[PDB]
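*Asks:* sequence unknown, structure follows:
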RNA sequence: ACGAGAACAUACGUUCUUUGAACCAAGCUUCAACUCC
């Protein structure tokens, strides 16, 4: 009766979940030999391309 | 040359007073953002 636990997940392999977003080939992604992929925030980029 | 001739069943008067359409009641249940190239 009402046994509460604390499930601790330790990823052995890679864990990926959902998102609802498909970031395109050009949309906010930059990878080079320093091996990072910065994601640019969404509306600030186009409101900075406004000016 | 009528038991007749005259004579308003009329006057005054709130269908009114008191009163919760209330009470009890989860928009919830089961549900992988996933699948295949």
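*Replies:* Cool, the structure landed. Numbers count the residues shown, from 1 in each chain, chains lettered A, B, ... in the order given.
*Asks:* how about the strands in chain A?
*Replies:* Counting by DSSP state E, chain A has strands at residues A:29-31, A:37-39.
*Asks:* can you tell which of those is closest to RNA strand B?
*Replies:* For the strands of chain A, the distance to RNA strand B is smallest for strand A:37-39, at 17.7 Å, taking Cβ to the nearest atom of the strand. Backbone N, C-alpha and C define where each C-beta goes, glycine included.
*Asks:* what lines up beside that closest one in the sheet?
*Replies:* According to DSSP bridges, strand A:37-39 forms sheet pairs with strand A:29-31 (antiparallel).
*Asks:* what is the burial count for residue A:19?
*Replies:* 7 (other Cβ atoms under 10 Å).
*Asks:* same question for residue A:28.
*Replies:* 13.
*Asks:* save the strands of chain A as CSV, and put in distance to residue A:13 too.
*Replies:* Formatted as CSV, these follow (distance: least, Cβ to Cβ, whole Å):
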stretch, distance to residue A:13
strand A:29-31, 22
strand A:37-39, 20
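*Asks:* any idea which of those strands gets closest to residue A:46?
*Replies:* With Cβ to Cβ, the closest approach to residue A:46 among the strands of chain A belongs to strand A:37-39: 14.7 Å.
*Asks:* quick one: contacts of stretch A:7-24?
*Replies:* Contacting residues not belonging to stretch A:7-24 are listed as A:29, A:39 [Cβ atoms under 8 Å, 6 or more residues apart in numbering].
*Asks:* again, only using 6 Å
*Replies:* Stretch A:7-24 has contacts (Cβ atoms under 6 Å, 6 or more residues apart in numbering) with residue A:29.
*Asks:* what of stretch A:32-50?
*Replies:* Under Cβ under 6 Å, 6+ apart, the answer for stretch A:32-50 is A:28-31.
*Asks:* mind doing that once more with 10 Å?
*Replies:* A:21, A:23, A:27-31 (Cβ atoms under 10 Å, 6 or more residues apart in numbering).
*Asks:* what's the span of stretch A:14-34 from first residue to last?
*Replies:* End-to-end distance for stretch A:14-34, by Cα to Cα, to the nearest Å: 22 Å.
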